[PDB]
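The structure appears right after this line, and notes come after that.
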Amino acid sequence: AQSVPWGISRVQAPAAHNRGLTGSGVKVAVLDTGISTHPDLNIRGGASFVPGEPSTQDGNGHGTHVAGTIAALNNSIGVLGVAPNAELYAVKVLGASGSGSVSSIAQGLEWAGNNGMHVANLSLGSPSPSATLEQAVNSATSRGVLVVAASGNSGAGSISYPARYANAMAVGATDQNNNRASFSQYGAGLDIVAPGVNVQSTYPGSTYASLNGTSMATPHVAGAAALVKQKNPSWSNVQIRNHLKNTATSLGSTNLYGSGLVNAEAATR
């Protein structure tokens, strides 16, 4: 129906938009630093905690990409994410600089503890651990907030932080179909993966742009889950992990892959 790159073509996201599902009624946070003001992204919520206040809308570029990767509106113009509308929020938790303080990632994982809706993505990973961050995830599970942190981009035999832990799932990138990408990171705690070697999406200034990375493919799984919760607005982040677990493809292996490809066709059907 819409025009999407091989990235969304393998996430069975169209077949879902054709079945009748719209993920409408769900809520997902986007911990980034700018979702770019665009007619394809409907800002339903947003809060900037980290210092350096550029603008609740736009300030870098990646953030906006993750936005359409979670629910780029389906108006036919521009790309098409997995979700059409849904409540796409904007939790500027990081600064356009490159990585807010732990007081930012913590205040962002705690502000979602209350208004963190049912889902929340974290396309970040600092090598600096902190119990302040654990106190934030503590506020996230205390209320039940499904988090799907990304992987990284090649760095030691481990994944992002928290990603690895914090009750946050960690996503990874893939190659041609499912093989391990070339710059995707790995570790003993990978949750899922997807195609992250080229992904055209929206951009500020009324323009679109293509980029490659596991950060873009991370919110692709975050959106798929959104559609699930939609079909079941009474379920919880737990019951959801079930459907998404047995629905998401399952390469196999002992832990490297173990569920790595996603498809809303088996999650909606």
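All residue numbers given for chain A refer to Swiss-Prot; the residues shown span 112-380 in order.
Backbone N, Cα and C atoms are what each Cβ position is placed from, and that goes for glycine too.
As written in Swiss-Prot, here are the features:
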type: ACT_SITE; residues: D143; note: active site, charge relay system
type: ACT_SITE; residues: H173; note: active site, charge relay system
type: ACT_SITE; residues: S326; note: active site, charge relay system
type: BINDING; residues: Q113, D151, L184, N186, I188, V190; note: Ca(2+) 1 binding site
type: BINDING; residues: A274, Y276, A279; note: Ca(2+) 2 binding site
type: DOMAIN; residues: 116-379; note: domain 'Peptidase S8'
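Feature annotations (Swiss-Prot) mapped to structure.
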residue	record	Cβ contacts under 8 Å, 6 or more apart
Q113	Ca(2+) 1 binding site	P125, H128, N185, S187, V190, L191
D143	active site, charge relay system	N171, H173, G174, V177, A178, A201, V202, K203, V204, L205, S234
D151	Ca(2+) 1 binding site	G179, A183, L184, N186, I188, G189, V190, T313
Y276	Ca(2+) 2 binding site	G300
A279	Ca(2+) 2 binding site	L233, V248, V258, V259, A260, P273
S326	active site, charge relay system	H173, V177, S234, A261, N264, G307
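Take the mean position of the Cβ atoms of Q113, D151, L184, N186, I188, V190, the recorded Ca(2+) 1 site; other residues of that chain with a Cβ within 8 Å of it are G179, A183, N185, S187, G189, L191, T313. Listed in chain order, the residues near the Ca(2+) 2 site other than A274, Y276, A279 are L233, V248, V258, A260, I270, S271, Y272, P273, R275, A277, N278, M280, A281, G300, each with its Cβ within 8 Å of the site Cβ centroid.
Between the binding-site residues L184, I188, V190, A274, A274 has the most other Cβ atoms inside 10 Å of its own Cβ, all protein chains included. Reduced to three states, the DSSP call for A279 (Ca(2+) 2 binding site) is strand.
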